[PDB]
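S.K.: Dropping a structure here in C-alpha cells format, bear with me for questions.
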Amino acid sequence: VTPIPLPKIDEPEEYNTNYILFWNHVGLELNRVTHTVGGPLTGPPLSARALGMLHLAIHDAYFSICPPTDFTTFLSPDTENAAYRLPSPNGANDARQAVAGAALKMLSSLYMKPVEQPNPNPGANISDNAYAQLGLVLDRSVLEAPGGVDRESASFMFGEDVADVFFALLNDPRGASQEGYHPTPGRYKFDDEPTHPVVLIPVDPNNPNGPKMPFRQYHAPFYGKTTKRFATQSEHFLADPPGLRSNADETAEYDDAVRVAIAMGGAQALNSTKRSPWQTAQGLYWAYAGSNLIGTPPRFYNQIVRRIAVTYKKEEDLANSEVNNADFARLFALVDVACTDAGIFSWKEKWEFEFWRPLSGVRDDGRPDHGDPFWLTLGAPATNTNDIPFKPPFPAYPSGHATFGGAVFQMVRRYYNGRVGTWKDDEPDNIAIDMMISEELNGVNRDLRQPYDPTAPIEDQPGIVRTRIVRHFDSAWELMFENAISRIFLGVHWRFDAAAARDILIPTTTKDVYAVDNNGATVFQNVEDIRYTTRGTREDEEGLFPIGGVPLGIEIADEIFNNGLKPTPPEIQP
Ligand code: VO4
Numbered sequence: 004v005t006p007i008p009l010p011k012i013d014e015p016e017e018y019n020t021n022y023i024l025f026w027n028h029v030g031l032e033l034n035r036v037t038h039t040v041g042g043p044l045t046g047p048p049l050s051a052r053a054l055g056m057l058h059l060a061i062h063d064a065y066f067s068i069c070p071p072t073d074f075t076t077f078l079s080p081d082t083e084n085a086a087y088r089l090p091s092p093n094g095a096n097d098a099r100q101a102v103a104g105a106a107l108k109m110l111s112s113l114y115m116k117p118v119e120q121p122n123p124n125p126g127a128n129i130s131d132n133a134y135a136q137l138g139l140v141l142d143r144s145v146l147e148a149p150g151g152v153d154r155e156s157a158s159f160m161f162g163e164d165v166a167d168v169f170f171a172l173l174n175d176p177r178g179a180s181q182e183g184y185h186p187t188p189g190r191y192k193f194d195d196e197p198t199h200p201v202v203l204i205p206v207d208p209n210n211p212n213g214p215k216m217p218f219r220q221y222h223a224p225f226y227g228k229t230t231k232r233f234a235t236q237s238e239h240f241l242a243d244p245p246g247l248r249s250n251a252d253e254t255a256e257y258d259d260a261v262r263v264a265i266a267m268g269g270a271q272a273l274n275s276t277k278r279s280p281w282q283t284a285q286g287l288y289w290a291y292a293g294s295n296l297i298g299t300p301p302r303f304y305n306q307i308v309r310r311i312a313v314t315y316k317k318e319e320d321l322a323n324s325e326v327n328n329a330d331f332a333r334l335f336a337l338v339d340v341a342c343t344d345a346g347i348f349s350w351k352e353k354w355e356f357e358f359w360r361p362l363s364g365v366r367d368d369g370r371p372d373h374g375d376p377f378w379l380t381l382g383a384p385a386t387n388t389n390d391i392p393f394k395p396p397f398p399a400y401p402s403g404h405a406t407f408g409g410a411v412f413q414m415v416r417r418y419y420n421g422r423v424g425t426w427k428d429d430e431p432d433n434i435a436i437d438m439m440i441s442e443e444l445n446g447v448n449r450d451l452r453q454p455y456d457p458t459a460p461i462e463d464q465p466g467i468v469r470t471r472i473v474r475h476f477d478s479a480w481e482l483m484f485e486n487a488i489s490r491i492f493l494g495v496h497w498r499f500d501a502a503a504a505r506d507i508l509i510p511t512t513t514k515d516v517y518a519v520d521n522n523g524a525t526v527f528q529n530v531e532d533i534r535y536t537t538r539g540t541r542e543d544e545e546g547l548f549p550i551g552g553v554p555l556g557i558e559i560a561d562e563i564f565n566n567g568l569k570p571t572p573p574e575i576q577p
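Read left to right, the sequence shown gives residues 4 to 577 (the UniProt record's numbering).
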C-alpha cells in the first residue's frame with residue numbers, strides 16, 4: 004500500500020518531544036487521514052468523541068502512576084461498578100510507557116478493522132485501503148514516539164488495560180446510524196440540500212469505480228439523544244429558534260436574519276453579497292469541512308490548544324518535565340471531554356428542532372420580496388478536491404462550530420484564569436496567541452483542477468493555492484467569537500445559530516433589526532464588549548434557556564470544570 008504523503012504541519016517540531024503532545028498529535032493525524040480515506044469516526048461529533056476517549060485514557064494512565072494533588076482520576080480503582088473501575092498499577096511506575104500503552108490501545112481499538120462482528124452493517128462501507136492507511140500511521144507512530152515504546156513493560160500493559168476500560172465504557176459503535184430517519188418537509192424544516200440532494204455511492208467500497216447506487220445521507224440523527232455523555236452532570240437545552248414553537252412569533256428577528264444571511268453569506272460574485280475579503284478569510288479559516296488532508300473542527304481546536312499549552316507552560320523543558328506532562332495531560336482531557344460533550348448536545352438540539360439551513364430558508368422562503376429562489380452560499384470549502392462533494396447534512400440550530408468553540412475556549416479560560424491573567428469567568432481574557440495558521444489558508448493546500456491523488460504530495464498537484472494567512476489573537480474570547488461568526492460568513496448558519504443576535508450585533512431604533520455599514524455589511528459588536536446574556540423560552544419547558552451554540556458550549560464547559568471532570572452519573576444517562 005502506498006502511504007499517503009501528508010503535508011507538513013505549521014508548528015514547532017519541539018512540541019512533539021513531549022509525549023503527551025506526541026500522542027495528541029497521533030490522534031490528530033488519524034483524524035485527517037480517516038477523512039482522506041473515508042475510514043471510521045468521520046464527521047464533527049464522532050471525531051470529537053475519539054479525541055475525548057484518547058485523552059481520558061491518557062489522563063488516567065498518567066495520573067494513576069503520578070497521582071495529582073488538587074484533583075483525582077476520572078475513574079477510581081475502588082469503584083463498585085466494574086464498568087467504572089480503573090485498573091491498579093501494582094508496581095508499574097513508568098508513566099511514559101503507561102501513556103504509550105493507553106494511547107496505542109485506544110487508537111487501535113478506535114481505528115482498526117472491527118473484525119469482531121461490527122464489520123457487518125456498522126463498518127460495512129469502509130474499504131480495506133482505508134484501514135491499511137490508518138494502520139501505517141499507527142505503525143510509524145510507535146517508531147516516532149519520543150523515548151520509544153516498550154510493549155513488554157508492565158507499565159505499557161497497565162496503560163493498555165486502562166484503555167480497554169474506557170473503550171468498553173464509552174465507545175458508541177452505532178453512533179452515526181441514520182436508519183429509520185426521514186425529513187419532514189415544511190417551513191423551517193430540514194430536508195435534503197438543494198445543491199446535493201442525492202449521492203451515488205459504490206455498492207462495493209473496495210471497488211469505487213464499480214456500480215454506484217443513489218443514496219440520501221443524514222449525519223447522526225439519533226446520536227445526541229441516545230449516546231452516553233462523558234462528564235456533563237445534566238441535560239442542556241436551548242431556547243426555541245426564531246420561527247418555531249414558543250418563538251414562532253419572533254418574525255422580525257427571522258426576517259432580518261434572512262436579510263443578513265443573503266448579504267453576509269452569499270457566493271463571492273453575487274451582487275447581493277456584501278461580505279468583505281477579510282470576512283471571507285475569517286469564514287474559511289475555521290472551516291475544516293472534513294476535507295482531504297485536513298479533517299474536522301476538533302482537529303483545528305486541538306492545534307490551537309497545543310500552541311496555547313506550549314506558550315503558557317510552567318517549565319521550559321518540553322521533553323523531561325513532569326510539571327509540563329501533568330499540565331498537558333490535564334488540559335487536554337478537560338478540553339477534549341468538553342469538546343465531546345459539546346458535540347453530543349449540539350447534535351441533540353440540532354435533530355430536536357430540525358431547523359433548516361440558510362440555503363433552503365432563503366430559497367424556499369416563498370415571499371417575492373424576501374427570498375431568492377436561486378441563491379447560492381460561499382459554503383464550506385471543498386479543500387484538496389476538484390469539486391463540491393456531497394457530505395452528510397444535518398440541521399442548522401445550533402451551530403456545531405459555535406458549540407465546540409464555546410466549550411473548548413471556555414474550558415481553556417477556566418483553566419488558565421489567575422495564571423495568564425485574571426478575569427471574571429464570563430468576561431474577556433488575555434490568553435493571546437501568535438503565528439496561528441489554519442490549514443485552510445496556509446499557502447500549501449488548494450482547490451484542485453483535477454481529482455485528488457493520494458500517491459502524490461499536495462504540492463505537486465495543479466490547483467489554486469490558498470493564500471497563507473498568519474494570525475494573532477488577543478484572547479480565547481476572540482477565538483470563540485470569530486469561530487462562531489465564521490459560519491455566518493460562509494452562509495451555512497443563521498446568526499442565532501451562533502448566539503443571540505442581540506449579544507453579537509449592533510442594534511438600531513427598530514427592535515430585532517440590526518445595523519449595517521455604508522456598503523450594507525452587518526456590523527458586529529467589539530469582542531471586548533460581547534456578553535452572552537440574552538436568553539429565551541422553550542415550549543416544552545419553563546424557564547429561560549441559552550440561544551445559539553456559543554452559550555451552550557460555555558455552559559457545558561463550566562459545568563464539567565466546576566465538577567472537576569467527573570463521569571456523568573449513570574443514572575442520568577439515556
Ligand atoms: O458545523 V455547523 O453545524 O457550524 O455547520
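Heads up, the beta-carbon is just placed ideally off N, CA and C, and yes, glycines get one too.
Along the chain, where does the alpha helix (DSSP H) containing residue 635 start, and where does it finish?
M.R.: Because the chain in this structure spans residues 4 to 577, residue 635 falls outside the shown range and cannot be described.
S.K.: Return the residue from the list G551, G346 and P176 that minimises the CA-CA distance to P245.
M.R.: With distances taken between Cα atoms, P245 lies closest to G551.
S.K.: Assuming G409 is part of the alpha helix (DSSP H), what are its boundary residues?
M.R.: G409 -> alpha helix (DSSP H) spans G403 to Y419.
S.K.: Helix, strand or coil, according to DSSP, for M438 in the structure here?
M.R.: In the structure shown, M438 sits in a strand (DSSP, three-state: E or B).
S.K.: Rounding to the nearest angstrom, what Cα-Cα distance links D463 and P43 in this structure?
M.R.: Answer to the nearest angstrom: the Cα atoms are 28 Å apart.
S.K.: For the ligand VO4, I want to know if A341 counts as a neighbour, meaning its beta carbon is within less than 8 Å of at least one of the ligand's heavy atoms.
M.R.: The answer is no for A341.
S.K.: Please list, in chain order, all residues of the same chain as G183 whose beta carbon is under 6 Å from its beta carbon, the five residues on each side excluded.
M.R.: There are no such residues.
S.K.: Hey, how far is the Cα of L137 from the Cα of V29?
M.R.: So the two alpha carbons sit approximately 11 Å from each other.
S.K.: Residues in its own chain within less than 7 Å of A270 by CB, not counting five upstream and five downstream?
M.R.: Closer than 7 Å at the Cβ level, and outside the excluded window around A270, lie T276, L379, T380 and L381.
S.K.: Taking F476 and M439 to be in contact with their CB atoms under 8 Å, please state how far apart those CB atoms are, rounded to whole angstroms.
M.R.: Sure, about 7 Å apart at Cβ, within 8 Å.
S.K.: Taking the straight line between their C-alpha atoms, what separation do you get for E481 and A266?
M.R.: Whole-angstrom Cα-Cα distance: 23 Å.
S.K.: With DSSP as the reference, please indicate the residues paired to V519 in a beta bridge.
M.R.: For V519, which the question treats as bridged, DSSP gives the partners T525.
S.K.: With distances taken Cα to Cα, identify the nearest neighbour of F66 among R143, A329, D344 and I307.
M.R.: It is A329.
S.K.: Looking at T406: is its Cβ nearer than 9 Å to the Cβ of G556?
M.R.: The answer is yes: Cβ separation under 9 Å.
S.K.: I need the DSSP call for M115, collapsed to helix, strand or coil.
M.R.: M115 falls in the coil class under three-state DSSP.
S.K.: Do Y18 and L9 have their CB atoms nearer than 9 Å?
M.R.: No, they are not a contact pair.
S.K.: Quick check on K215: does DSSP put it in helix, strand or coil?
M.R.: Strand.
S.K.: Near residue 2, what residues of its chain come up, given a Cβ to Cβ distance below 6 Å and the 5 sequence neighbours on each side ignored?
M.R.: Residue 2 lies beyond the range of the chain shown here (4 to 577); nothing can be said about it.
S.K.: Assuming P125 and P176 are in contact, meaning their beta carbons sit under 8 Å apart, how far apart are those beta carbons, in whole angstroms?
M.R.: Their Cβ separation, rounded to whole angstroms, is 5 Å, which keeps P125 and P176 in contact under 8 Å.
S.K.: Buried or exposed for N486, please, with buried defined as at least 16 other CB atoms from any protein chain shown within 10 angstroms of its CB.
M.R.: With 16 or more Cβ atoms within 10 Å of its Cβ, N486 is classed as buried.
S.K.: Using DSSP's beta-bridge definition, name the partner residues of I467.
M.R.: Looking at the DSSP assignment, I467 forms a beta bridge with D450.
S.K.: Heavy atom of the ligand VO4 less than 8 Å from the Cβ of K353, yes or no?
M.R.: True, at least one ligand heavy atom lies under 8 Å from that Cβ.
S.K.: With a threshold of 16 other CB atoms inside 10 Å of the CB of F492, please say whether the residue is buried or exposed.
M.R.: Buried.
S.K.: Just to check, is the beta-carbon of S441 closer than 8 Å to a non-hydrogen atom of the ligand VO4?
M.R.: No, the Cβ of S441 stays beyond 8 Å of every heavy atom of the ligand VO4.
S.K.: What did DSSP end up calling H199 once you bin it into helix, strand or coil?
M.R.: In this structure, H199 counts as strand in the three-state DSSP scheme.
S.K.: On the three-state DSSP scale, how would you describe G189?
M.R.: In this structure, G189 counts as coil in the three-state DSSP scheme.
S.K.: If you check the beta carbons only, do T343 and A64 fall under 9 Å apart?
M.R.: Not closer than 9 Å, so no.
S.K.: By the three-class DSSP mapping on this structure, what secondary structure does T537 have?
M.R.: In this structure, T537 counts as coil in the three-state DSSP scheme.
S.K.: Could you pull the start and end residues of the alpha helix (DSSP H) that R474 belongs to?
M.R.: No alpha helix (DSSP H) holds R474; the beta strand (DSSP E) holding it covers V473 to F476.
S.K.: Who sits around the ligand VO4, taking every residue whose Cβ is closer than 5 Å to one of its heavy atoms?
M.R.: The set, ordered by position in the chain, is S402, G403, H404, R490 and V495.
S.K.: DSSP has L508 in a bridge; who is on the other side?
M.R.: Paired residue(s): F527.
S.K.: What residue from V206, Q220 and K192 has the CA that sits closest to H199's CA?
M.R.: For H199, the nearest C-alpha among the options comes from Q220.
S.K.: Do the segment 396 to 403 and the segment 532 to 543 meet, that is, are 3 or more Cβ pairs less than 8 Å apart?
M.R.: The segment 396 to 403 vs the segment 532 to 543: no contact.
S.K.: Does the distance from the C-beta atom of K353 to that of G227 stay below 9 Å?
M.R.: Closer than 9 Å, so yes.
S.K.: Give a single yes or no on whether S402 has its beta carbon closer than 8 Å to a heavy atom of the ligand PLP.
M.R.: The ligand content of the structure shown is limited to the ligand VO4, which means the ligand PLP is not among them.
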